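Below, each chain spelled out in residue letters.
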Number of protein chains: 2
Amino acid sequence: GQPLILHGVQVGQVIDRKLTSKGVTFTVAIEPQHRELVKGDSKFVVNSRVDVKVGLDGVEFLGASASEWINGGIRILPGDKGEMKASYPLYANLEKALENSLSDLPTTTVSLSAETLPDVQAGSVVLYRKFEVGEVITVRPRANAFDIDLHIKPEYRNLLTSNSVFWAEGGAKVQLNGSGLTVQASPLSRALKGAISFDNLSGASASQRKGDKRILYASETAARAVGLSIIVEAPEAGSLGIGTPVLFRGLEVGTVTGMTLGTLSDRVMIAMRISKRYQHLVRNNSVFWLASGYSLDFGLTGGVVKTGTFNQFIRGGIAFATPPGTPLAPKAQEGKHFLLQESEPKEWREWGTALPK
Amino acid sequence: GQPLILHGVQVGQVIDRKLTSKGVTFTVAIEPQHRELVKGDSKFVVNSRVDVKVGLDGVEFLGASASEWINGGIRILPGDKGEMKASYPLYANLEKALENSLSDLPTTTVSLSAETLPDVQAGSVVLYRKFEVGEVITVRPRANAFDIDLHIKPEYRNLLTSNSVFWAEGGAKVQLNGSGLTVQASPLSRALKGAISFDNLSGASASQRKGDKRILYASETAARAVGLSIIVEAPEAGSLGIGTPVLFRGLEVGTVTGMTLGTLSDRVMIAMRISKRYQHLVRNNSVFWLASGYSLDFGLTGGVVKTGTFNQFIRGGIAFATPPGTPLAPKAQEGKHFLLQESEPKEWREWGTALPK
């Protein structure tokens, strides 16, 4: 007996309600004078149930007003043009009608494999260049690792590609600087459970061929650590660690992927990755030396020091250069081992090696 | 006189209600036209009581709508196939029906013994690789220690094993780094009372044979401190402490389990544990020396220093090496005492001892 409302005015009535195996089917009727205003496309939204949602800015009361809730009824969102097809789905609220989401579980737009990540169970937003795109729907266990299902909107499904790489950031992150600090402009689920970001690269298609699924990286940089991989053989690990930058003339060109002992225990193997742009810099005769920490100087007649709030002090930078020479040794192949120098070459600031590109 | 609802439409009625010793028993009737839609499996959920739950994302109003609460009734969750057995339990809300949890106290999936831990009284989640699995139901006193009861879901009861080891983390933990800091993506009870994590190891079955119950470790590392246990005899404790790392060529291979005086008071016994992977590194002729703190150098003609934001500065690392020699002294047995060297061996960077594995 419920009414049937368009634009706040009743234009029809629910005739009857029949229970089937799959669920309820209603039959409704529209008056002829309002028949021409539905026009083949429309959406039907439940108005018989109140639904108060609370947001930080989202104060909203959907489904009904109190005067209209006692009457109940079905709201019509009219469309422009259509055909008057035989059946129409009924959407439980306005938002699902807008999303065209008749079901409850959104489809898995993409699946990710990640072993151990303190991420959302379901609900954190996906960000493309920190622009809100989709959401996480499910995390499920598997023998290999986690299995994380992401649904994003069809409008943005062009944004994901073969070169899309995904990194997770968990919880509330605040960024500190020398002058002042900021808090991330976090939405709800970002503040609660932590979002997942992704971006497209150039050679990341090579990152997709490895592994049957895209791997959710633990950090933004670990997602970006692509390019030439080399090994340096240091007699001790010292102050290095994972994510420690690699510096050419004071500019970061790569990171330390990881480090461990060799198959023999005399040396320590340090896996590094240089980005593709600077991949041509590394040559077979290149020299690598540790640049960790503040290396001041002293003289008997006068002492001169240096301080530069080094990131190398925070994370011990490995520096490298190339001795000059007309016949250039070619680019280092993948996995080319090297040897760490305990000290700088004295003329590394004086070396001139006009590398191409 | 209450109705009986399937899919939002009444398909039956409560005939009567009889009080027994154990509790109430209802008799209900279903119309023949809807008889074929129950199909032997179903669940019956109370709809006569409203239940508003509040969550950070969990805004939900379970049990009834206002129009349906005056009518009351019992909701049916239909199943696929069955037998129409004689009796069916009645679940107090939708969630317990989904959990198939007719009772109120979940069964103790596992019990843990821990002396003093600032953990949840009841309700914090259990994490496998920080994936939500179960919950803590009870902490109870005992003459030995606490006794902590954990219930996890039957779907994940394959995950626990003889090699499962458990460590507690309490309250809200935030992780700081040199570049920026993050907050743990904590759920409610993690933020309030602190979760319990667990993981499976290789030799942790040996960790289960010791002790009649699994012991809840106070930290993640204290749970992982398994392997070779040795003693070093230092003349003073100095800067060491529990959890202080043990460093081979700058790589952490073990920790300091604990330290105390000997049965005589001249020396200090420091219990250490080296992990199994590096267990072959320790030989009977190995040399241990303190590496705590920043050890700079100075010369009369020129002074050279070193800084590396040492974890050794934060927690004084004990370093060890092995002098070279063709007849290798075998692996150190359990409890083999050693002697701390006040200074480095000068050629420890030059020693070559190609240990296997």
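Residues numbered from 1 in each chain as written, not as in the entry; some residues may be left out. Chains lettered and ligands numbered in written order. Part of a larger assembly, values for the part shown. Heavy atoms only, no water.

Determination of this PDB entry was carried out by cryo-EM to a resolution of 3.2 Å, according to the record.

Explanation requested: the environment of B:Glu347 in the structure shown.
Position of B:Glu347 among the secondary structure elements: in the segment after β24 (337-341). Along the chain, B:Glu347 and B:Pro323 lie 24 residues apart, while their C-alpha atoms are 8.7 Å from each other. (Helix = DSSP H or I, 4+ residues; strand = E, 2+ residues; numbered from the N terminus.)

Would you explain the interface of chain B and chain A in this entry?
Counting residues at the interface gives 52 residues for chain B and 54 residues for chain A. Roughly 4,000 Å² is buried in total at the junction of chain B and chain A, and carbon and sulfur atoms are behind 63% of that figure. Of all residues in chain B, B:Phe131, B:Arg249 and B:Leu251 give up the largest surface area on contact with chain A, accounting jointly for 15% of the area buried on that side. The tally of links between chain B and chain A comes to zero salt bridges. Between chain B and chain A we count nine residue pairs in polar contact in total. Only β2 (9-19), α1 (66-71) and β15 (181-183) of chain B provide two or more residues apiece to the side of chain B that touches chain A. Here the element with the most residues in the side of chain B that touches chain A is β15(B); it accounts for three residues. The class makeup of the residues in the side of chain B that touches chain A is 25 nonpolar, 20 polar and seven charged. Pairing of strand β14 (residues 173-175) of chain A with β15(B) involves two bridges; the strand directions are antiparallel. (Contact = heavy atoms within 4.5 Å. Buried area = accessible area lost by both parts, 1.4 Å probe. Salt bridge = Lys/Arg side-chain N within 4 Å of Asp/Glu carboxyl O. Polar contact = N/O pair within 3.5 Å; in protein donor to acceptor, adjacent residues only side chain to side chain. Nonpolar A, V, L, I, M, F, W, Y, C, P; charged D, E, K, R; others polar. Pairing = 2+ DSSP bridges.)

Is there a simple way to explain the relation of the copies chain B and chain A in this structure?
A rotation about an axis combined with a shift along that same axis relates the two copies of the chain. Superposing chain B onto chain A takes a rotation of 60 degrees combined with a translation of 0.0 Å along the rotation axis, leaving an RMSD of 0.0 Å. Such a combination of rotation and displacement between the chain copies is what one expects of a six-fold axis. Relative to the rotation axis, the C-alpha of B:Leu300 is the closest in chain B, positioned 6.9 Å from it. (Least-squares fit on C-alpha atoms.)

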